[PDB]
Amino acid sequence: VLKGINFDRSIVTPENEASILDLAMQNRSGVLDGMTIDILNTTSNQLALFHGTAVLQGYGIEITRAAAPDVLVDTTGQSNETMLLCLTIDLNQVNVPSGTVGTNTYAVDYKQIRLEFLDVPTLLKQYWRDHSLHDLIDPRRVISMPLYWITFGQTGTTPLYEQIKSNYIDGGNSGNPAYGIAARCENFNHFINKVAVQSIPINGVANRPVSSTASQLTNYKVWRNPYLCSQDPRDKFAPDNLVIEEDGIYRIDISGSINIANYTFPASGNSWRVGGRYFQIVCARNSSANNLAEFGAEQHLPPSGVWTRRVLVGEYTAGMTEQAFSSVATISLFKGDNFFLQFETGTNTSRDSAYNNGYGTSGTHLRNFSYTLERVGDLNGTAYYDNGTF
Amino acid sequence: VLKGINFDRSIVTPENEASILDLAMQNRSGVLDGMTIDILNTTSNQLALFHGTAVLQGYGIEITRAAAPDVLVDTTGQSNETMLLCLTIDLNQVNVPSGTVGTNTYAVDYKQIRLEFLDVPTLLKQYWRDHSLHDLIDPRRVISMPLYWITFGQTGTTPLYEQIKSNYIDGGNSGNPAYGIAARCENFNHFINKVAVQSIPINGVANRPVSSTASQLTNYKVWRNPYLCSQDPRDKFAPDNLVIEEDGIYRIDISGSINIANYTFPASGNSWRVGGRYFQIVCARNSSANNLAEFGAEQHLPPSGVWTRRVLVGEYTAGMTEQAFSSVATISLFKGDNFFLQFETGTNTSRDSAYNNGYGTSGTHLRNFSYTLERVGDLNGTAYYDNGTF
Amino acid sequence: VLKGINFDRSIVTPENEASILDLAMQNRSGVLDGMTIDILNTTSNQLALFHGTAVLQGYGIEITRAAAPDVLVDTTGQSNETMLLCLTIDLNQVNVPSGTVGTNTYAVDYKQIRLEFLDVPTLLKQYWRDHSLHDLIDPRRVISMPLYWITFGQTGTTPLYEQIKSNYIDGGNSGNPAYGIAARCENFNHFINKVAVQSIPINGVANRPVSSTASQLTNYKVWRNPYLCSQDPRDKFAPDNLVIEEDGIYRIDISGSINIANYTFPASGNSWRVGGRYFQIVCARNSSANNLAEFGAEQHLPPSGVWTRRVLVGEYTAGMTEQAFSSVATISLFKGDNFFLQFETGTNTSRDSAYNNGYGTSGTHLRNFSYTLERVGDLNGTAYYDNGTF
Ligand SMILES: CC(=O)N[C@@H]1[C@@H](O)[C@H](O)[C@@H](CO)O[C@@H]1O
Ligand SMILES: CC(=O)N[C@@H]1[C@@H](O)[C@H](O)[C@@H](CO)O[C@@H]1O
Ligand SMILES: CC(=O)N[C@@H]1[C@@H](O)[C@H](O)[C@@H](CO)O[C@@H]1O
Ligand SMILES: CC(=O)N[C@@H]1[C@@H](O)[C@H](O)[C@@H](CO)O[C@H]1O
Ligand SMILES: CC(=O)N[C@@H]1[C@@H](O)[C@H](O)[C@@H](CO)O[C@H]1O
Ligand SMILES: CC(=O)N[C@@H]1[C@@H](O)[C@H](O)[C@@H](CO)O[C@H]1O
Ligand SMILES: [Zn+2]
Ligand SMILES: [Zn+2]
Ligand SMILES: [Zn+2]
Ligand SMILES: [Zn+2]
Ligand SMILES: [Zn+2]
Ligand SMILES: [Zn+2]
Ligand SMILES: [Zn+2]
């Protein structure tokens, strides 16, 4: 029959308002405030956390403050292991109320909520990002959110910790928690290597032209939303590749210029004309490597016929010292994918190459280059096949 | 007086939490999951639907599963007619509770909710997209959401069906249901016809240059959000025009290049100089044709002085074989409008035309062309006059 | 201990569902409908307002309609003063219920809600944009929203009024109230002054080339979201500068062309070659002037090392009459900042300048220029340092 949830005679239940809050959170779970480690109250038998608020699949969880320590987690028996400190909801448990709403003594022992240590495979099997209490096909009764990597040493020592920032709704994303900017950078200058195909380093280090003969590796300002993307964990690809953490339709914006651009000089033999040199800037996705996503999670497989390379800018050098470009595209990206940008040109400097024979500031380079990568759409349901291949 | 809705002494009512959920849905109604046709349980007297959840102006509606058929709709008396299967809320009806919250026997016969067949004019007069239960000026008591076009044949046959995808929040738009991408495509190549003004086909078929003498009509990947736009229903305009289904401020992104671009060759007579040829890429809106929107709904009239054409790219060919371009603009668009892109240049190939005299790959063409159209703002209230004219 | 807010045994309270609605409003407070001044029912002793709905930090407030006047505010004692008409929540007050939910006589005198006159410093000390009832560090019990500037004259006269549009969620922003477009314009043409550095007027008046010898100040269509930005209040900077009203990561899109672009003519002395002229289009932020934000509010100080200028387009003129450009960047902006766009080139017209020696349509100018400024991210928490410097 046709059931009303929110109507005059309806009883509005707890799964109901939690389903509403989840919708209001754009189906994102995470710590809204606090819940960071309290090292001062952390011993070799206990792990302390500060007060705060989290939302886990629409269920509001609070660590209350008083007097500190705001909360204590038992670390007895944990040694020489890397574990995940998790906030878990277990709907098989019973919340025990006591006292009364008549006197001012009503309290609940929320046994459905736990702060616990899990290993990586156990967390993954019940991770909120892959499984749901509200799921249609495979509904779960137990769901977790990892807060910290906790590395326990020998018996009698305090452990080492690393915050799981993808699970904290810290800042930059309030209002649109599941979307917004994935990555962005300030303008940078990057020397073009004398090769046909090369990646443009988008992870905060560029090969900056500094003199007429030299370039040097130089940091530039970059930001990444850890919920959406991360720098590649393999050092070979760390300067260039992002790992996508969340499926979706993403917008890629690029702008900059090609400085000291090569071209065939106008001479009597070519009827005093500039001989343009072809170049292209491409964005690329690659999913050949599995388990690149956070916790080594299984990648989300793309639909059959998915794109791998897309031309953002494709043209010839125009005979000017510096030529600007700009491009905006929407592209599908999948959890576990690598994403990168490439500069492509010919290798014959006297015939087809956009680059010259110089080095540093005397050599062809990208100048004032910047990008923004933003999540603008999801790939749930039918969108996976209809929108996911490009 | 000043009334509190959510305060300590307030009674939080059913219209209240439904007004809250509607706000949380960005004022969009639609099926959240399931509610698709069940052909196996569909006869000549009954129409079956699978279980699911919908939100209609903040009211949560559920079709419950058990044992199937999840729900049955009486089709007796319906023959040789095209009807709309609708989910309707009727606040004039009474929801009948039975049993008690003390025993575990509390139930409700939700007479305020109906699954019914309506003709197009009846649905339009009570369509959620144009009328509201929460409306300020004209509050309604009955509101509907169309789910399927149902075409009944002769008495004794099962009917034909077509899903109304604009009313299903399927995928791509979760989190931002009333906004996001309206249309997008992968890069395509399109031959420039030897005319002053022509539309660029944005609907999935381009005239692709394939040889030195020929081009051929070729499909390219395209996606449209049916809630925001649709391909023009008239075959004359189907390759080029979109029909806007929702008022708003939209962002249009375009990028690509003009390949085999024409220019006056540098000769002794012109002092060995390239004679550039002017071209422009424009986006256009046209509202002369009424009833192009879904169901033949009345178009939303634009404010006095509304734009019709906007230059995205306006420049000269630079003497290169291929020249890239990019542009981003925000534009106002109205339900019922046609939206299209045009390429504009002179017609004299030896004087003012950006195109040459060649055909296929030897002729001037758009290369690596793509676009994204996205809804970024609404046109409610004062914005209609202040933001709606451009 | 671990407390559940939304669980089976939880009591869902009034601060709770107000915290939920605030989250659903993207932490924006404002009038959702009505609440505009009623001049017909306004005397020298009373100020009338029409019915409507507002949300103040998740608390729903309603002015009920009946018979009008929908509400009356006592103006006795107010004279020769500019005041702010404010809607205030005071949690120190007691809401007085009467009657019963058994009979149909339950009513509340909401003493926690006031419509009052405050001076600018008092409103600022309890303004919802800077302080919160739900605040972590400094929780408040009293919070206000300014609705109108009210200027009272001599005793016996009706006052003058000006709506505070930043506090009305009127239109353009429903669905994403705290984000969306900040400013946008239609295409305009603007004469380039014969100077090294100049601002591009983004506030609705351009110096339009009209003849071969003259340009004239001409209005063009522009829109600003008053919640996000405003035209500079100082006349010296009014044609060019925006004042940012809300911290965040903003997206700036620009497009247009440089028409009648200057270049060194190809002659036998330069081997029949175009001598390109460097130019750049930059966006800029400046926070040297305090109190530019609405009500003269204190500016939000940017993190150490914040950017001030960013190149959007940097290249040489290519020897064409008209050359197009486009650029998209994300930038951090702070409440109280000035934001503007600049055109930068050399001043020697025979050597390094992108501009020529002509005037009006015979002189170098921006053609088909437009922009969109959009709020795309916040700068709360860690994002302030990680994302706020660029
Ligand atoms: C299995 C493996 O290491 N594959 C890598 C892939 O991860 C990476 O994205 C790509 C970059 O060009 O190179 C290889 O394909
Ligand atoms: C009444 C009618 O058919 N008008 C059409 C309009 O629908 C369409 O948008 C336009 C395309 O250029 O051509 C005409 O104006
Ligand atoms: C204190 C003062 O008036 N400073 C102004 C600043 O407000 C403005 O943004 C800038 C524009 O270039 O000029 C000055 O710096
Ligand atoms: C041919 C090519 O693209 N080579 C890239 C190189 O530019 C990049 O620096 C390196 C690390 O990402 O990976 C290679 O695959
Ligand atoms: C002069 C002009 O713009 N002609 C267009 C044509 O390019 C387009 O293919 C056709 C169908 O959309 O409609 C015409 O109006
Ligand atoms: C050198 C420079 O940038 N001058 C600008 C000028 O172009 C602008 O018209 C005026 C008002 O905004 O402010 C000046 O600072
Ligand atoms: Zn649910
Ligand atoms: Zn996953
Ligand atoms: Zn956006
Ligand atoms: Zn309502
Ligand atoms: Zn309509
Ligand atoms: Zn709160
Ligand atoms: Zn402030």
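Residues numbered from 1 in each chain as written, not as in the entry; some residues may be left out. Chains lettered and ligands numbered in written order. Heavy atoms only, no water. Residues with missing side-chain atoms left out of burial classes, pairs and counts.

Method of structure determination, per the deposited record: X-ray crystallography was used for this entry, reaching 2.10 Å resolution.

Enquirer: When you look at the relation of the copies chain C and chain A in this model, what are you seeing that I'm missing?
Expert: Two chain copies here: they are related by a rotation about an axis and a translation along the same axis. Aligned on chain A, chain C shows an RMSD of 0.0 Å; the corresponding rotation is 120° and the shift along the axis is 0.0 Å. On this basis, the relationship between the two copies can be described by a three-fold rotation axis. Comparing interface residues between copies, only 12% of those in chain C also lie at the interface in chain A; the contact surfaces differ. (Least-squares fit on C-alpha atoms. Contact = heavy atoms within 4.5 Å.)

Enquirer: Teacher, can you tell me more about the pairing of strand β5 (residues 59–63) of chain B here?
Expert: On a regular strand, each side chain points to the face opposite its neighbour's, so the side chains alternate between the two faces of the sheet. Burial within β5 of chain B is extensive, with four of its five residues counted as buried. Across three bridges, strand β1 (residues 2–4) of chain A lies against β5 of chain B in antiparallel orientation. The residue bridging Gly-4 of chain A from the neighbouring strand is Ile-61 of chain B, located in β5 of chain B. Taken together, strand β4 (residues 52–56) of chain B and the strand that follows it, β5 of chain B, pair antiparallel across an intervening segment of two residues, in which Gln-57 of chain B is found at a positive phi of about 50°. (Buried < 20%, exposed > 50% of the residue type's maximum accessible area, 1.4 Å probe, protein only. Helix = DSSP H or I, 4+ residues; strand = E, 2+ residues; numbered from the N terminus. Pairing = 2+ DSSP bridges.)

Enquirer: Sorry if this is basic, but what is going on with the environment of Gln-112 of chain B here?
Expert: Looking at the secondary structure, you find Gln-112 of chain B in the loop between β9 (107–109) and β10 (113–118). Residue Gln-112 of chain B is classed as buried on the basis of its relative accessible area, which comes to 5%. Note: C-alpha distance between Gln-112 of chain B and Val-96 of chain B (16 residues apart in sequence) is 9.6 Å. Ignoring any residue separated from it by four or fewer positions in sequence, one finds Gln-112 of chain B in contact with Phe-7 and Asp-8 of chain A together with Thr-88, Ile-89, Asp-90, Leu-91, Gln-93, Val-94 and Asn-95 of chain B. A distance of 3.0 Å separates a polar side-chain atom of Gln-112 of chain B from the backbone oxygen of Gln-93 of chain B. There is a polar contact of 2.9 Å between the side chain of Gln-112 of chain B and the side chain of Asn-95 of chain B. (Polar contact = N/O pair within 3.5 Å; in protein donor to acceptor, adjacent residues only side chain to side chain.)

Enquirer: Sorry if this is basic, but what is going on with the relation of the copies chain A and chain B here?
Expert: Rotating chain A by 120° about the axis while translating it 0.0 Å along that axis superimposes it on chain B, leaving an RMSD of 0.0 Å. A low fraction, 12%, of the interface residues of chain A reappear at the interface in chain B, so the copies pair through non-equivalent surfaces.

Enquirer: What is the right way to read the coordination of the zinc ion (ligand 10) from this model?
Expert: The textbook angles at a metal center are 109.5 degrees for a tetrahedron of four donors and 90 or 180 degrees for an octahedron of six. Residue and element names in this part refer to chain B. Distances from the zinc ion (ligand 10) to its protein donors, namely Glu-15 (OE) and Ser-19 (OG), fall within the range 2.2 to 2.5 Å. You can see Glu-15 and its partner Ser-19 sitting in helix α1 (residues 14–24), four residues apart, about one turn around the helix. On the accessibility criterion, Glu-15 (31% relative accessible area) is partly exposed. With a relative accessible area of 29%, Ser-19 lands in the partly exposed category. (Donors = N, O, S within 2.8 Å, 3.2 Å for Na, K, Ca; no water.)

Enquirer: Please explain the interface of chain C and chain A as it appears in this structure.
Expert: Much of the literature gives interface size as the accessible area that the parts lose upon coming together. Taken together, the 50 residues of chain C in the interface contact 60 residues of chain A. Elements with a contribution of two residues or more to the side of chain C that touches chain A: β1 (2–4), α1 (14–24), β21 (248–259), β23 (309–316), β24 (322–333), β26 (365–377) and α3 (383–386) of chain C. Classifying every residue of the side of chain C that touches chain A by side-chain character gives 22 nonpolar, 18 polar and 10 charged. (Nonpolar A, V, L, I, M, F, W, Y, C, P; charged D, E, K, R; others polar.)

Enquirer: I keep staring at the UniProt feature "binding site: alpha-D-glucose 1-phosphate" (unreviewed entry) in chain A and nothing clicks. Help me out?
Expert: All names here are of chain A. Using the residue numbers shown here, the UniProt feature "binding site: alpha-D-glucose 1-phosphate" (unreviewed entry) corresponds to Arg-234, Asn-241 and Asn-338. The largest pairwise C-alpha distance within this set of annotated residues, which runs over 105 residues, is 11.3 Å, so the set is compact in three dimensions. With respect to the helices and strands, the residue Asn-241 is situated in the loop between β19 (229–231) and β20 (242–244). Owing to a relative accessible area of 5%, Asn-241 belongs among the buried residues under this scheme. Look past the residues within four positions of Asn-241 in its chain and what remains in contact with it is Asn-203, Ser-230, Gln-231, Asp-232, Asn-338, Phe-339 and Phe-340. Overall, the relative accessible area of 5% leaves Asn-338 in the buried class. With residues near it in sequence (within four places) discarded, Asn-338 still touches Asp-232, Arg-234, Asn-241, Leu-242, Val-243, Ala-284, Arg-285, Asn-286 and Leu-292. A distance of 3.2 Å separates polar atoms of two side chains, one belonging to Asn-338 and the other to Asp-232. (UniProt positions renumbered as here; feature names shortened; annotations may be inferred.)

Enquirer: I tried to follow the sheet that holds strand β5 (residues 59–63) of chain C on my own but got confused; where do I start?
Expert: Within a sheet, neighbouring strands are paired by backbone hydrogen bonds and run either parallel or antiparallel to one another. Here four strands make up an open sheet; going across it, the order is β1(B)-β5(C)-β4(C)-β2(C) and the pairing antiparallel. Each having just a single partner strand, β1 (2–4) of chain B together with β2 (30–34) of chain C make up the two edges of the open sheet. Shown here is a sheet whose adjacent strand axes are inclined to one another by a mean of 20°, direction ignored. Where β2 of chain C lies against strand β4 (residues 52–56) of chain C, four bridges are found, and the strand directions are antiparallel. Within β4 of chain C, the residue paired with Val-31 of chain C across the bridge is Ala-54 of chain C. (Axes fitted to C-alpha atoms, helices over the stretch in contact; angles between N-to-C directions.)

Enquirer: Could you clarify how one ought to interpret the site of ligand 3 in this entry?
Expert: Residue and element names in this part refer to chain C. Taken together, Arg-234, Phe-237, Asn-241, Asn-286, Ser-288, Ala-289, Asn-338 and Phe-340 make up all the residues around ligand 3. Contact between ligand 3 and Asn-286: an oxygen atom at 3.5 Å from a side-chain N or O atom of the residue. Here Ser-288 contributes a side-chain N or O atom positioned 3.1 Å from a nitrogen atom of ligand 3. In isolation ligand 3 exposes 380 Å². Once the protein is present, 61% of that is buried. Residues of the shell around ligand 3, tallied by class, amount to three nonpolar, four polar and one charged. (Near = heavy atom within 4 Å. Areas by Shrake-Rupley, 256 points an atom, 1.4 Å probe, with all protein chains shown as cover.)

Enquirer: How should the domain arrangement of chain A be read in this particular structure?
Expert: All names here are of chain A. Split by domain assignment, chain A resolves into domain 1 (1–171) and domain 2 (172–390). Taken over C-alpha atoms, the centre of domain 1 sits 39 Å from the centre of domain 2. Facing the 18 residues of domain 1 at the interface are 16 residues of domain 2. Carbon and sulfur atoms supply 57% of the area buried between domain 1 and domain 2, which totals about 1,400 Å² over both sides. Summed over the three residues of domain 1 that lose the most area to domain 2, namely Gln-26, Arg-28 and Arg-129, the buried surface amounts to 41% of that side. The interface formed by domain 1 and domain 2 contains two salt bridges. A salt bridge links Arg-129 to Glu-246; its shortest N-O distance comes to 2.9 Å. The interface formed by domain 1 and domain 2 includes eight residue pairs in polar contact. Of the residues forming the side of domain 1 that touches domain 2, the biggest block, three residues, is contributed by helix α2 (residues 120–125). Partitioning the side of domain 1 that touches domain 2 into residue classes produces 11 nonpolar, three polar and four charged. (Domains from an automatic or database assignment. Buried area = accessible area lost by both parts, 1.4 Å probe. Salt bridge = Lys/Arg side-chain N within 4 Å of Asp/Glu carboxyl O.)

Enquirer: Got a minute to help me understand the site of ligand 6 in this structure?
Expert: Residue and element names in this part refer to chain C. Close to ligand 6 lie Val-197, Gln-198, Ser-199, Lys-236, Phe-237, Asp-240 and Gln-342. Contacts to ligand 6 include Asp-240, whose side-chain N or O atom sits 2.7 Å from an oxygen atom. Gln-342 is positioned such that a nitrogen or oxygen atom in its side chain is 2.8 Å from an oxygen atom of ligand 6. For ligand 6, whose free accessible area comes to 370 Å², the fraction covered by protein is 56%. Broken down by element, the residue count for the shell around ligand 6 peaks at three residues, all from strand β15 (residues 197–199). Considered class by class, the residues forming the shell around ligand 6 number two nonpolar, three polar and two charged.

Enquirer: Which parts of the structure should I look at to understand the side chain of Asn-387 of chain A?
Expert: Among the structural elements, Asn-387 of chain A can be located in the segment after α3 (383–386). Of the residues examined, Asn-387 of chain A reaches a relative accessible area of 2% and is grouped as buried. Polar side-chain contacts of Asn-387 of chain A include one of 2.7 Å to the side chain of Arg-184 of chain B. Setting aside residues up to four positions removed in sequence, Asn-387 of chain A forms contacts with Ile-249, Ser-332 and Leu-379 of chain A together with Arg-184 and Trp-223 of chain B.

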